[PDB]
Amino acid sequence: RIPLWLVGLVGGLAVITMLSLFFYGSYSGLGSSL
Amino acid sequence: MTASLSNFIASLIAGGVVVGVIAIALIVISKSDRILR
Amino acid sequence: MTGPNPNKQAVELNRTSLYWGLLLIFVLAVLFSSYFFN
Amino acid sequence: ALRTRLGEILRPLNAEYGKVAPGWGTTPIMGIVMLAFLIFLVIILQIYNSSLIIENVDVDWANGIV
Amino acid sequence: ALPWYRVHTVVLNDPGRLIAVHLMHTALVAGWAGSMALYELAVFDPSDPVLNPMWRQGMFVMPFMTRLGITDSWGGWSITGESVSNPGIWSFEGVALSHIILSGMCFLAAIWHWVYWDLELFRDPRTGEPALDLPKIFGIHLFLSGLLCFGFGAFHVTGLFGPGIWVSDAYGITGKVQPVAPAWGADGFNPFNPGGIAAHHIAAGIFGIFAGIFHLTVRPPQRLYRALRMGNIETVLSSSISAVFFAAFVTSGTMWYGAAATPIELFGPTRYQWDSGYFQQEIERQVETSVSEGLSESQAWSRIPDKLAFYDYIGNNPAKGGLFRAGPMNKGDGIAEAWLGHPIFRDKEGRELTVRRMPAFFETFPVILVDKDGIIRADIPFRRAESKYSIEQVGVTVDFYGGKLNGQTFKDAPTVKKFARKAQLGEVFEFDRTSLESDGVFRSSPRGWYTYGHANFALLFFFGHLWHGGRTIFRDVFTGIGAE
Amino acid sequence: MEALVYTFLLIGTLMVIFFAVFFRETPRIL
Amino acid sequence: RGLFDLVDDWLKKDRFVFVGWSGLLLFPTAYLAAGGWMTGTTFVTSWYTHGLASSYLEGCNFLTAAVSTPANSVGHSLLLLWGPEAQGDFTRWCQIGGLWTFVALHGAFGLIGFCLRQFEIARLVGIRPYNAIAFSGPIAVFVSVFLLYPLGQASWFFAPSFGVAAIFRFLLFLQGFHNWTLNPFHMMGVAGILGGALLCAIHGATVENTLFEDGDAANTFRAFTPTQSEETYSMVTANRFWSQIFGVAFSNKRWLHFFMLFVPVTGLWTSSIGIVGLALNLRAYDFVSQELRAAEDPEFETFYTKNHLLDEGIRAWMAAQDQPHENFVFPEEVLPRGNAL
Amino acid sequence: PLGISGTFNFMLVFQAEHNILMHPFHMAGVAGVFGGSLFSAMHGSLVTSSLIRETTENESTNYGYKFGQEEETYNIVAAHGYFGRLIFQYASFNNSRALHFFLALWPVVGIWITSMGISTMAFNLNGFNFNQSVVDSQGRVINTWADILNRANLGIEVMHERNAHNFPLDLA
Amino acid sequence: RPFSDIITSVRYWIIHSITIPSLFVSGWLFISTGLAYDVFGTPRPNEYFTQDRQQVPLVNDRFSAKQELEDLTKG
Amino acid sequence: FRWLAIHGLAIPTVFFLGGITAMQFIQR
Amino acid sequence: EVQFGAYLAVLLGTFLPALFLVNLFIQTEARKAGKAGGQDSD
Amino acid sequence: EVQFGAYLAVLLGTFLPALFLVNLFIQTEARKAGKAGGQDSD
Ligand code: CLA
Ligand code: CLA
Ligand code: CLA
Ligand SMILES: CCCCCCCCCCCCCCCC(=O)OC[C@H](COP(=O)(O)OC[C@@H](O)CO)OC(=O)CCCCCCCCCCCCCCC
Ligand SMILES: CC1=C(/C=C/C(C)=C/C=C/C(C)=C/C=C/C=C(C)/C=C/C=C(C)/C=C/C2=C(C)CCCC2(C)C)C(C)(C)CCC1
Ligand SMILES: CC1=C(/C=C/C(C)=C/C=C/C(C)=C/C=C/C=C(C)/C=C/C=C(C)/C=C/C2=C(C)CCCC2(C)C)C(C)(C)CCC1
Ligand code: OEX
Ligand SMILES: [Fe+2]
């Protein structure tokens, strides 16, 4: 048994590591106009 | 008999097995999951 | 002739649905006039 | 309920109403026709679309005989 | 207590007045086609069927009479131009007057069939309630349409007992009503083959004869009589509409893309004959063979008919008109008079410059002169200050060949700019814009209007398939649903 | 001559707005 | 009993997702339209068809990625995977733009299969089928734009590509070349979309502000059990409110909720009729009485003639890069510029 | 401009000078009125689907509602079980109050956000600009859909107020 | 079984602690090994332009479109 | 069983997100 | 220059359908006054 | 050359008064069907 709010916490900050990774590569790599 | 006509009948056979493997799988599972009277 | 039809009904239109249908025609007349006059 | 002379002739055509063939009947015969007519419409569309090329059939304005 | 949108549902349980209504729609359709064709003969002018055909004069139903074999009129003129002493009964006036007489008789029959609604024919002999045996009514009415299909293709079309179909050549020069022998092979499904039309209505008429022989004798199954609700009459209407917009996408399709059933001598050219350069490449091909047979250039362009260059004109494209502008195409720029010729542009260096042509999208298009390899050599500049490719610099001279400007050469910039602007519009013609008060914007051909109505209709009838269809299946719950 | 039709359509539309507000069929309980 | 009855009873069984008969048409075709879009916007380029970049491999974000329409040389080919163009190769099928017709065709049979889903569930639950008839609205916008609009045009190239900014150019391509905003069918469509958003914002805010006291809590969301027969808001009050604010008001809940169906859906049907009229280039481009006057009088200016000069800028400036197949090489001196811009 | 053609002179010139379509607040209100007209016709259909029999087939459907009645005029359990099978079970509001609140939330929040798109673009804080954003390793500009959208904006920018400008940049 | 009772269970996270990283890394290796450029034919950043072909490549034929893309993708 | 219903949508989604995180670190 | 068939389009597009909808209202109120039996039925 | 305001004179001189006289007949028959009380009164 795992508390449900721990599950939404770890997956919720996992999405932030996915989203902010996508806004990172808007300023670096391809499609960055550097 | 052309390139275009031979490839189309092969797609018609391929269009038969796509309907087929859906239908054959659907008859078998409809036997097992019948509803009690 | 033959007998009276048992499928006679009556038509209704209340005062509410009059103003819808009037305003429907005038607004379509305002909209489509400018194109018809060209 | 007014007998007319033309009404007497056509009366056996309307005298049946709602007789059915019991069971599934000729339904599997119909579907083989409908599967066939589905293939027919696919073929004559792809001839027209030039996505099914038949030898000595060219979809272009042809010299009709004058 | 009916609402205004349910007033015509008193005919649901009344077969005797179902006919009198369906005869009255027929008396209005037939009275339209008679009175439309009488209106078109007061407007038509058979002065020049080469530069003023029937599709320039906005004739809509008139290319449907000439498609199935009507060329003469009681005035003595003909669309083929050959004179006639007597067209008999079936001329343009004879057809128009006979669709009127048919309208007046379907009118009087609908007064009978409305008054005498109570006939024993429509009663059930087992219950007494008014019923229609919809499986056998379909057997009769499909067997009749097998005969009128097979009878049409075998007798009217093939010229056994009929005139035949309007056929034509590939480039819309020659065309005449003639019998068409059917093509039974895979070449019948070439839609530009007129033999496929004869082979269709002969073959598919037989299938419609012997389907009515089936659908008379064999009764429906118990499952399909309940599943498709064949006791209800609205399942006929739900599925008849599906067989009617489906037919209307096809006819609007083959009108717009072209078929042998839509000749470009009657409805006008398609837009795909402008996009591919279908007439530009053909006029050059009849000059490439003329010049190769030892000719001067102006004698080569003089062999080109005025009709062939008239299709090479952007004002005959149906994709140039507008919606709320009205009238014939002659209202566009006037009745054409003559062909001004084929201008050929040459610079001071002497190379040949072709004017870049306007596509069908562009209402406005800048005049650009391009040589053979694609390099921009001259134009008419918007901004005249920093000009590097103007006609004054390049020194473009114009040379006409054929037409009424046959051997002429204009060399100055005022005159060359006037012919460079009118050469991006296809060929160059002299019009008569004072007869019909022609304003100066392009209209559409009857090819364009037919595709408009019968494809906006077919989209609306798709909603009628879903309304009347879902009204058939769900019939027990249209007062509402039960709370239990 | 042309703008006379446009004005008649506009003030004619404002008439049926006036009659719909003040001469409305007043709904009543029971 | 029979074989048909066992299959009919299995599909209609209560389960997680209702399958039914219509799920055999929906679930295969909708899964491949959606997955064909996610693949085509991620991996497949537009470098050979349009000469663009429309993938995530090519640096485009969510906005500038698309599944793009094929070349003009393809014409209106269906671009079958086994066809004469692709000839069985998957890689050359993607580069021609074969995924776009794959998305549009399997998507068109998803909207068929989803509208059949709404007739099937309504017959089992036992209700009137107005969801399936209101969903016919969005069917008339998919068909008459993604299908019937490129059919009337030169090829599939002039269709909306399935991407966010690729719709946005289709909005701009349709003003300069067609004058779409002048068309009365868009004008009756904006009246239904902004009219439909109006009705749910009012009916949302009037039900929620005439609620009854059914509890002592300050939260009013808690005080509603779903199976209760008492109405949850005072219709007499809400009528009395709007009869004095706006002047006229609904006195009929059956007429109200039907009117919330009619207004959004009709704006999708009337706007769908006009876009069929632009497949044929029957556009409402000009008022000729405005155009004949502005030609003879070089002082008469309206807002309407100001929009034509904005459309010459759309027809000239983008059409060089819009249509690389036609090879428009415009000089600098033909492009209409204004003063000092 | 207070008119109809003046509105589209306003919208197109606002596109060239501010790039509203790429701005995420016009994006959040297109979602407000497409969503608003969705949930309007989605709520208005599920009430009209589940009406209770109170009329005959001859008279109108609407006359089964007497004004000011206290009985509920539609089976709300029926329309909940329909939409509970049309998508799945847990996506359906059984609460009619929370349902009639979501109809008021979605458009109004979508138009608050949109009207503060025009406001923040009144002070020349324009929408996104992805022009010349994709380059190869050589450095040549690879076009995107935003570059095609840019050439539509450049056509309106060089043509709006074709006489009012004297200097190379439309600062106003 | 209810959905929230699944993801809170340990046996769920026993299975999906192996399958998620074994499937996310396979989506990484699908790109970093250069495989996605060859299945879908997407140009690498090296190969939008070539030494010979300096213009924008377009398909200009209905039926030999497969053969023309064999031309424009070799160099 | 519903393991075929979710994992037809989730097994692709994690696979593509494995590729979209890899494309952030690809440069010229 | 305007099209002179547009006056016939608009002014019959107004009047003919709008005079139709008036008739369905007048006979509606006549049936209600017809059944009511007082001073107006006749 | 004819006067283009005469089409509006004639076709409204026909239709507007003739559609008026139809309305007085339809509400006449509705009052007679209103009092009669059978199948059409409502
Ligand atoms: C084959 C054609 C056909 C036929 C025979 C019917 C027959 C019927 N329909 Mg149906 N329908 C059709 C097509 C057809 N429909 C199409 C295409 C649609 C989609 C638009 C509909 C949508 C529809 C709805 C939504 C409803 C019906 C209803 C009805 C029934 C009564 C009609 C009525 O009271 O209208 C009476 C109409 C009037 C008094 C005036 C209508 C005025 C129109 C809008 C403008 C004038 C018409 C114009 C002159 C026509 C030009 C010709 C053009 C068609 C080419 C009747 C069974 C009703 C029903 O279900 O019955 C209970 C109903 O509610 N139909
Ligand atoms: C000797 C054999 C023979 C021959 C040579 C023909 C010859 C022909 N038949 Mg025919 N036919 C025959 C026997 C024959 N028939 C028999 C035995 C039957 C059974 C009764 C038919 C039934 C039949 C039908 C039903 C049709 C033909 C058609 C045709 C024409 C095909 C070329 C063409 O223009 O189609 C063009 C091809 C199509 C139009 C394909 C139809 C597919 C539809 C349009 C798809 C779209 C449907 C959808 C609702 C539209 C909206 C979606 C939108 C987004 C696109 C040609 C005249 C077609 C025709 O008359 O068109 C002029 C046609 O529609 N035939
Ligand atoms: C007595 C018979 C008769 C004859 C010989 C004609 C003759 C003519 N009519 Mg006319 N007409 C008639 C009766 C007749 N009319 C009646 C009774 C009406 C009222 C409904 C009309 C209404 C009418 C109109 C509105 C028009 C004509 C027109 C024409 C002319 C061209 C016909 C044409 O292109 O149609 C082409 C016909 C079709 C394309 C019909 C196709 C049938 C569909 C595809 C059937 C498909 C379903 C099928 C049943 C399924 C089963 C198939 C089975 C075999 C397998 C021609 C002179 C045209 C004209 O120029 O008028 C002056 C025109 O526009 N007619
Ligand atoms: C200073 C502020 C004072 C208030 C200002 C008043 C303006 C109010 C406008 C009146 C609406 C009249 C339309 C009649 C309509 C009519 O009478 O309907 C009456 C109808 C009442 O329906 P019931 O529930 O009575 O109907 C039950 C059944 O009988 C149905 O038939 O009320 C509504 O549904 C109207 C709600 C939508 C209101 C539609 C308004 C659309 C805006 C106007 C569009 C035209 C503007 C054109 C200008 C060129
Ligand atoms: C009685 C009689 C007679 C007579 C008859 C007649 C003379 C007829 C006529 C008829 C007619 C002459 C009719 C007509 C009709 C028409 C119609 C019916 C039309 C309509 C149309 C419509 C309505 C349309 C609409 C529209 C429009 C307008 C626009 C666009 C859209 C649409 C298309 C929708 C005779 C002597 C022979 C014989 C004896 C008896
Ligand atoms: C194409 C094709 C194919 C395939 C198909 C399929 C199988 C597909 C699938 C696919 C899929 C089906 C896909 C999916 C994708 C997904 C994605 C990739 C997603 C993403 C997501 C995101 C990114 C989002 C975000 C977010 C979050 C996470 C949270 C918060 C919110 C938001 C929204 C922001 C085949 C083989 C048939 C062949 C033919 C062609
Ligand atoms: O005023 Mn109205 O539009 Ca706003 O940008 Mn600057 O200013 Mn004028 O130019 Mn562009
Ligand atoms: Fe509600």
# chains A, B, ... in the order shown; residues from 1 in each chain; ligands from 1
>>> residues_around(residues="residue 23 of chain I", least_positions_apart="5", cutoff="9 Å", atoms="only C-alpha atoms", output="PyMOL selection string")
(chain I and resi 18+28) or (chain J and resi 11+14-15+18)
>>> select_by_dssp(residues="segment 122-155 of chain H", states="helix (DSSP H, G or I)", output="number ranges by chain")
H: 145-155
>>> write_last_selection(atoms="N, CA, C and O atoms", output="compact mmCIF listing (two decimals), in the first residue's frame")
# COMPACT_ATOMS: atom_id res chain seq x y z
N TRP H 145 6.30 26.48 -40.92
CA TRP H 145 5.00 27.06 -41.17
C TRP H 145 4.91 28.48 -40.66
O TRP H 145 4.07 29.25 -41.14
N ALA H 146 5.74 28.85 -39.69
CA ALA H 146 5.74 30.22 -39.21
C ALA H 146 6.37 31.16 -40.22
O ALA H 146 6.01 32.34 -40.27
N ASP H 147 7.28 30.66 -41.05
CA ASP H 147 7.84 31.50 -42.11
C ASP H 147 6.83 31.73 -43.23
O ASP H 147 6.85 32.79 -43.86
N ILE H 148 5.96 30.75 -43.50
CA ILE H 148 4.88 30.98 -44.45
C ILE H 148 3.86 31.93 -43.85
O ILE H 148 3.31 32.78 -44.55
N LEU H 149 3.61 31.81 -42.55
CA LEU H 149 2.73 32.74 -41.86
C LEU H 149 3.33 34.14 -41.80
O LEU H 149 2.59 35.12 -41.77
N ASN H 150 4.65 34.23 -41.77
CA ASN H 150 5.32 35.52 -41.75
C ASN H 150 5.13 36.26 -43.07
O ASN H 150 4.98 37.48 -43.09
N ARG H 151 5.16 35.53 -44.19
CA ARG H 151 5.03 36.16 -45.50
C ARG H 151 3.60 36.62 -45.74
O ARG H 151 3.36 37.48 -46.59
N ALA H 152 2.64 36.05 -45.02
CA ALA H 152 1.30 36.62 -45.02
C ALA H 152 1.24 37.87 -44.15
O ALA H 152 0.50 38.80 -44.46
N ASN H 153 2.01 37.90 -43.06
CA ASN H 153 2.04 39.10 -42.24
C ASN H 153 2.79 40.23 -42.93
O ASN H 153 2.43 41.40 -42.77
N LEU H 154 3.84 39.91 -43.69
CA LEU H 154 4.57 40.94 -44.42
C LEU H 154 3.75 41.54 -45.53
O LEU H 154 4.02 42.67 -45.95
N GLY H 155 2.76 40.82 -46.04
CA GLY H 155 1.92 41.39 -47.08
C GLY H 155 0.95 42.41 -46.54
O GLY H 155 0.67 43.42 -47.19
>>> residues_near_ligand(ligand="ligand 4", cutoff="6 Å", atoms="only C-alpha atoms and all ligand atoms", output="mmCIF file with C-alpha atoms, in the first residue's frame")
data_model
loop_
_atom_site.group_PDB
_atom_site.id
_atom_site.type_symbol
_atom_site.label_atom_id
_atom_site.label_comp_id
_atom_site.auth_asym_id
_atom_site.auth_seq_id
_atom_site.Cartn_x
_atom_site.Cartn_y
_atom_site.Cartn_z
ATOM 1 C CA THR C 16 -43.329 33.750 -29.300
ATOM 2 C CA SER C 17 -42.534 31.848 -32.482
ATOM 3 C CA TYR C 19 -41.190 37.059 -33.482
ATOM 4 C CA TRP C 20 -38.474 34.483 -34.042
ATOM 5 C CA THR F 13 -35.802 45.127 -37.835
ATOM 6 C CA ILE F 17 -37.595 44.119 -31.554
ATOM 7 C CA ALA F 20 -41.207 41.515 -28.925
ATOM 8 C CA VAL F 21 -40.197 43.287 -25.737
ATOM 9 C CA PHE G 246 -32.976 42.066 -21.101
ATOM 10 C CA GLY G 247 -36.706 42.435 -21.761
ATOM 11 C CA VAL G 248 -37.488 38.950 -23.054
ATOM 12 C CA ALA G 249 -36.678 35.575 -21.572
ATOM 13 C CA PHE G 250 -37.227 31.839 -21.788
ATOM 14 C CA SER G 251 -40.258 30.445 -20.013
ATOM 15 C CA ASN G 252 -39.655 26.880 -21.165
ATOM 16 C CA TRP G 255 -37.373 25.124 -25.519
#
>>> residues_near_ligand(ligand="ligand 7", cutoff="7 Å", atoms="only C-alpha atoms and all ligand atoms", output="NGL selection string")
:H and (13 or 17 or 160-161 or 164-165 or 170-172)
>>> residues_near_ligand(ligand="ligand 1", cutoff="7 Å", atoms="only C-alpha atoms and all ligand atoms", output="tab-separated table (two decimals) with N, CA and C atoms, in the first residue's frame")
chain	number	residue	atom	x	y	z
E	4	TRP	N	-45.43	24.20	-37.30
E	4	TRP	CA	-45.29	24.50	-38.71
E	4	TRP	C	-44.31	23.58	-39.42
E	5	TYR	N	-43.41	22.94	-38.69
E	5	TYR	CA	-42.47	22.01	-39.28
E	5	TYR	C	-42.95	20.57	-39.22
E	6	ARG	N	-44.22	20.34	-38.88
E	6	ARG	CA	-44.78	19.00	-38.95
E	6	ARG	C	-46.10	19.00	-39.69
E	7	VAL	N	-46.36	20.02	-40.50
E	7	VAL	CA	-47.66	20.13	-41.13
E	7	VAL	C	-47.86	19.10	-42.21
E	8	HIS	N	-46.80	18.62	-42.82
E	8	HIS	CA	-46.92	17.68	-43.91
E	8	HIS	C	-46.81	16.24	-43.43
E	9	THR	N	-46.94	15.99	-42.13
E	9	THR	CA	-46.99	14.63	-41.62
E	9	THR	C	-48.39	14.11	-41.43
E	237	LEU	N	-37.94	6.53	-46.75
E	237	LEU	CA	-37.47	7.90	-46.93
E	237	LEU	C	-36.08	8.09	-46.36
E	241	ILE	N	-33.15	9.03	-49.38
E	241	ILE	CA	-32.30	10.22	-49.31
E	241	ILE	C	-30.83	9.84	-49.40
E	460	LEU	N	-26.79	19.08	-47.62
E	460	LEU	CA	-27.98	19.26	-46.79
E	460	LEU	C	-28.76	17.97	-46.68
E	461	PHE	N	-28.82	17.19	-47.75
E	461	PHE	CA	-29.49	15.90	-47.71
E	461	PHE	C	-28.74	14.88	-46.87
E	462	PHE	N	-27.48	15.14	-46.56
E	462	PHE	CA	-26.82	14.28	-45.59
E	462	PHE	C	-27.40	14.48	-44.20
E	463	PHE	N	-27.87	15.68	-43.90
E	463	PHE	CA	-28.53	15.90	-42.63
E	463	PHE	C	-29.91	15.26	-42.61
E	464	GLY	N	-30.58	15.22	-43.76
E	464	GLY	CA	-31.86	14.55	-43.84
E	464	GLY	C	-31.76	13.05	-43.72
E	467	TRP	N	-31.55	12.79	-39.88
E	467	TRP	CA	-32.79	13.11	-39.19
E	467	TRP	C	-33.83	12.03	-39.43
E	468	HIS	N	-34.20	11.81	-40.69
E	468	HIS	CA	-35.24	10.85	-41.02
E	468	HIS	C	-34.80	9.43	-40.73
E	471	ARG	N	-35.08	9.04	-37.00
E	471	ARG	CA	-36.49	9.07	-36.65
E	471	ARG	C	-37.15	7.73	-36.91
>>> residues_near_ligand(ligand="ligand 8", cutoff="8 Å", atoms="only C-alpha atoms and all ligand atoms", output="PyMOL selection string")
(chain G and resi 203-204+207+253+256-257) or (chain H and resi 43-44+47+100)
>>> residues_near_ligand(ligand="ligand 5", cutoff="10 Å", atoms="only C-alpha atoms and all ligand atoms", output="ChimeraX atom specification")
/E:24-36,38,97-108,453,457 /K:9,13
>>> residues_around(residues="residue 11 of chain B", least_positions_apart="4", cutoff="8 Å", atoms="only C-alpha atoms", output="list in words")
residues 7 and 15 of chain B; 82 of chain G
>>> interface_residues(of="chain I", to="chain A", cutoff="7 Å", atoms="only C-alpha atoms", output="list in words")
residues 8, 9 and 10 of chain I
>>> write_last_selection(atoms="N, CA, C and O atoms", output="compact mmCIF listing (two decimals), in the first residue's frame")
# COMPACT_ATOMS: atom_id res chain seq x y z
N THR I 8 -1.90 2.29 -6.42
CA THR I 8 -1.39 2.41 -5.07
C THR I 8 -0.83 1.08 -4.57
O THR I 8 -0.17 1.03 -3.53
N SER I 9 -1.10 0.00 -5.30
CA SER I 9 -0.59 -1.30 -4.89
C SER I 9 0.89 -1.41 -5.23
O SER I 9 1.38 -0.78 -6.17
N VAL I 10 1.60 -2.23 -4.46
CA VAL I 10 3.04 -2.37 -4.65
C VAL I 10 3.33 -3.23 -5.87
O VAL I 10 4.23 -2.93 -6.65
>>> residues_near_ligand(ligand="ligand 6", cutoff="6 Å", atoms="only C-alpha atoms and all ligand atoms", output="count of residues only")
11
